[PDB]
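Please read the structure below before turning to the comments.
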Ligand SMILES: [Zn+2]
């Protein structure tokens, strides 16, 4: 029952900038994936205490959720869009790995990842 | 208590299921005692009652393929009433005819939202799991055993001209003394056959239902005794075992009798897991949907909960902030409700968004978590 | 797997319809009487009547009308049965061998249609052009009366007026015209139609619709030269004939609703009317067109089910609730102010609601004491075989229950009389009954918003202790206000050697649908006075009580409770049993207890003396209205149900599976034709192929006996019935298997596990050639194990042994 503290969202030493890619990801991709009706399990970090999953964090070594991504985008933690895309794919990969294929949460993650990949090809070049 | 200005048609519309669906006006009704082979949905663990509107949200490719198959044929699927659902043990059930469907694109995966209605009770004869995984069921339809007037056998040939009738309890005493007169020819009196008459029990249940639903009995309640009994059973907050025992009843007279007996006895609703924590009372039950105070609803997860709307609810803790996302009652926000002792999920406290609305706050409890109790 | 034998010990005595005409001959005057499943023909003489023929049919006579089409010498008889078997019959007499030949027959039952609330309504056109049948709502069936219609083909016509109350064919019209009273949301109306045979439809009538009385019940077709139709309700007797519109409102008929009528003068100048309470009025029509209507109270007859005017001024009154009457109508009132004088009384044992078997005179010669009749026609009937001697004790109040007490040499009878609200404050009796003329009479002690009304009826229940020898109302104890007596037992309980009358009651109130309060009261009778010994309150109605091994088994709504008799003379609860149904029927046998609901819900429990409570053995649920239950034996339980039917259920003690040990197999079904009421153990013959004897009473006065047979005897009797159905002609040619088939409108099955005794006992009536034909190639006497051939004398001896059980 570790339930490790959620990933850090703000870093005062880290520089703050609002590139075109990051503000697009925050104002388009994250808003769309947040107002979706399959997004509630990823709005919050996996509370392994409630769900009684003592093996989630022992298998998932790099946890991630869309709420952490939101709090990182709002604090300008990201320097480039590669970090945000890596975090999104890390969340999707953790959800795929821990569960068995064909489960409900797996299909919801597949839906969200398909929408994310069809919304990420619309990536405008930096200003 | 308070007054209401919500306009209740929206609960029945299930506006949370996207936009306007593709409505079907046809009706497929099979004959009595006719054994049909019907597919069974996998993720439906509900004891459906005829007439009860059932919403569904399915996204499994297996589920969507079966739905596309059924839309092309007769739009009828079986809903098993499981005695022990941990092993899919079914003996009774109720058919459900689809009347609205909507597949949604610009969406991650292929998903279909459906509104169906219960049709015909049935007994389960054979449950066969295909190589696909989806299961079929060979199934005998159960007939509606409506019995004739209990005095038509005794009836005097000369009194046949007095069997048509052109301060309510005076009228009911007149009705009793005029209809069941020939009871003096039997070993039992008139007030005993009044307990087994259809209209007397219907009026008693109407008196009991005027407490909850403020809609007049002129149009909202059905006229047929069988339809009336089914409409009453659709909104009876009882556990699964008693709902099974109620669906077993074929004769509508015994259905109405057991319904009024339950309404007389069960006064308090406690938590099912606690068994010793009063959640609410029958007096606080008020109707917010046209279907009644308790109606079935579906969430984005895909689960179907039988929500009963009450004015007050005791012994409950509140979890989470209010949220209007996929709210079953438009204009209100829900908040998770746990039991005060076992923390089991009991329902949701629905609070109004606009301040002009009424009621400003009510409760919607799921039927699966409640248990009726007599003091 | 039932093996049962039912036999009729008393043919039905109730009269459910009668007519007059010229059936046997044109010069004769014939009176035809219907007794449910019996038809009686008489020739009217100046003496009174003369019995010429009595026949039995395979159907309950619902419609019975006489008519003569243009071309016949004498009248023909149309008859419809409860199973919708229609037949037109003719009389034939050659010397002494009389035969009722079938002129036409047919099954007119449609494939679809809900039976109407007014029942079967069969009428005939004056010019004999068609026969009209009202069976289903919104469907009028027509049978054209032509010389070729031998299968009785009928066609349906649609009605816009769904709820039809009554209908009659009008007199004096070119086209066959019907006049009927119907109801719509606007009120009750009368309307006429013209039935077309070319178009098979309806045309507008000779006069448009009228808005009549809200309680317009009866319609009378007036013959020429008057014409038109009379509409009679509770408060107005109007008349319509084209433009002729006459209306009266005589207050003399406001005291009771008129039910039946009959035509006196063939031209339609005088009519007899009978109300519910039995009053007989005269309706006079005064004279090209009608002048005025007048109602004059002739007198007081029995509660008339039907009326008919013979001749000489003699009238016959058929009554189901009481004895049938032959009366005389004088032209001058007597001393009491009546025009009616009784001439003769015909016995009518219906309705039988309870009875008991006693060894009265001879020890062994059993006699049956039955509570018969209702209202002023109520009575006690003492029946013993000599064909059957019957003693009548009229009580002038409705009886309900009855039992016998041997040590006190008396009978306990539950009765109820009707009283009206007093003008000041109380109740007043309409007539002095047995409860208001007893040698001693007391009331009970003790343990009501919106009280009384303006002149409404109320029931008052009494327990009457009556001597077995003199039949004088010894004691008439009255119960409490707003109380209904249900059960009655006479027994000894505990170590107390005193025999007690135990009565169960129920507090019935206008606001309470189901009674939540009741009493169990224990009386003792001695020295010509009744003292209330014990009283115990319960939370419901005490529908029935039973003596159970020195204890008292009572039913209180949905509860079965056992009471012990303490030394302090108080009822002490031992063990309860809570069920899913309200225990209406209670029966016992040793340690088995049988519980029955109104909707055929059967339960069988067993008492556990070492454990001290009740344990569920078996049960069965098949929704159908019931009436009476009886325990045949350990594994056989008999009952009656809707549509005049009997059934027998079996259990399986050993059996195989615990899930199926708790089920009752429907091993026997049968269609009786009489609504059964109360079964009871006993036998009327001096004290074998049979084992057991249970008598049963019915509504139309019929009394029967049920007994148990073996396997070989059951198979032999089934073969005998199958053989006798072929050679015996049926009145109207109705199939015997179609008559004895369990006929409910929800399901129709053949009869199994039951041997009809009336068919087996008619074996001796036919001639010897038919005997040698029926016994031909039998050899189903599998009693020895192999085949035993049969002869005629063997079967004659066997049948005469089967006639020596009743
Ligand atoms: Zn709880």
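Using the numbering of Swiss-Prot, the residues shown for chain C are 1-287, 295-393, 709-769, 776-1015, 1022-1140, in order.
Cβ coordinates come from backbone N, Cα and C, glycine included.
Per Swiss-Prot, the feature SUMO2 cross-link maps to C:1121; the stated evidence is a large-scale study or a structure entry. Classification of residue C:1121 (SUMO2 cross-link) by DSSP places it in coil, neither helical nor stranded.
Cβ neighbours of residue C:2 (N-acetylserine) (same chain, under 8 Å, six or more residues apart in sequence): C:964, C:976, C:978, C:995, C:996, C:1048, C:1086, C:1087, C:1088. The N-acetylserine annotation in Swiss-Prot covers C:2.
Listed in sequence order, C:87, C:102, C:105 are the same-chain residues at least 6 apart in sequence whose CB falls under 8 Å from the CB of residue C:1067 (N6-acetyllysine). The DSSP secondary structure for residue C:1067 (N6-acetyllysine) is coil. What Swiss-Prot lists as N6-acetyllysine is C:1067, and the listing cites a large-scale study or a structure entry.
According to Swiss-Prot, the feature phosphothreonine maps to C:1125. Around residue C:1125 (phosphothreonine), taking its Cβ as the centre, 12 other Cβ atoms fall within 10 Å, counting all chains.
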Per DSSP, three-state class assigned to residue C:2 (N-acetylserine): coil
Gap of 6 residues [residue C:1015 to residue C:1022], endpoint C-alpha distance in angstrom: 11
Through-space Cα separation in Å, residue C:769-residue C:776, 6-residue segment unmodelled: 15
For residue C:1121 (SUMO2 cross-link), the number of other Cβ atoms found within 10 Å of its own Cβ: 11
